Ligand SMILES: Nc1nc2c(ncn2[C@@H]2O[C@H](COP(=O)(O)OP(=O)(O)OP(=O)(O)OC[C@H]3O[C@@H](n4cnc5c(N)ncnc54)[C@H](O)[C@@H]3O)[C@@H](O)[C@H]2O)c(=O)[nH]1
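Next comes just one chain, in structure tokens: the form deposited without the named molecule.
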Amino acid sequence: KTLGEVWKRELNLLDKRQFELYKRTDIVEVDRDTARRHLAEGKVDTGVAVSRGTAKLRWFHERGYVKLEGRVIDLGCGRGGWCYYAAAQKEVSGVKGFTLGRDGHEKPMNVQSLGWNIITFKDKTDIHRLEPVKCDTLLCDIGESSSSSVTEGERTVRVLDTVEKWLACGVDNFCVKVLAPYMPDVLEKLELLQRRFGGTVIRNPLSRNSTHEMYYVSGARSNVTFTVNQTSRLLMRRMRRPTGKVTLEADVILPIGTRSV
């Protein structure tokens, strides 16, 4: 019954064309042309990002929504866009990335952007059953979209449930994907986590309109209900006023090489 659930219901009423127009209405995307060509050519020393994730984390990072410091852990790293971004930051001392990388799940990608050498990738790992490790910055970008709001809610509560075990070890910084912040139970878990660890949820402008995903971050504190609804209002507005107008932005190019001495 929340505004976001109404949004989800109306999203499912869109035919294929409607959905297509909607998905790219007033959105911002990075141009992946060059990165895709370089990766396809096997170039590992041009500093291109392995995925759209690098730009998403940079957005949070550059405006203080999440500080990237010391020991970084990246749950559900996939190709590794967040790991490579974090590894290139001077304040970061190490990066441990974990992901399934099996049964259709993408495996970490090997490139040599700055600090690749301080990253330890580990695949064939289900982070829901991985024993928490002490760290300073906790990152988690997991949440598989579903036509079912019930399912998005279940997957979202499971992620927050798992992440709470890691935050309970004591972490200074965090950035965690929240697939369905519009679901009632998720909203309440977020409110409880906020009273326990602080932070709030922020909508990344690089996220597509087809998902209501927002990120639980340590760099800001605000009323969760209000801001989740603001995003709901924006998404509903774009569905009612489709245009498919997209704004392209330069993708992230990181420096290259190992961090040594």
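Residue indices: 1-based, along the sequence shown.
In what follows, reference is made to the form deposited with the named molecule bound, a form of this protein that is not presented.
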Original post:
Picking from 141-149, 88-96, 164-172, 112-120, which part of the chain touches the named molecule in the deposited bound form when contact means heavy atoms within 4.5 Å?
Top reply: 141-149
**OP:** Could you spot which one of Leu14, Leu21, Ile253, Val246 gets a heavy atom to within 4.5 Å of the named molecule in the deposited bound form?
**Re:** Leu14
**OP:** With the named molecule left out of view, choose which of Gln230, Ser210, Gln194, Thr46 has a non-hydrogen atom within 4.5 angstroms of it in the deposited bound form.
**Re:** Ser210
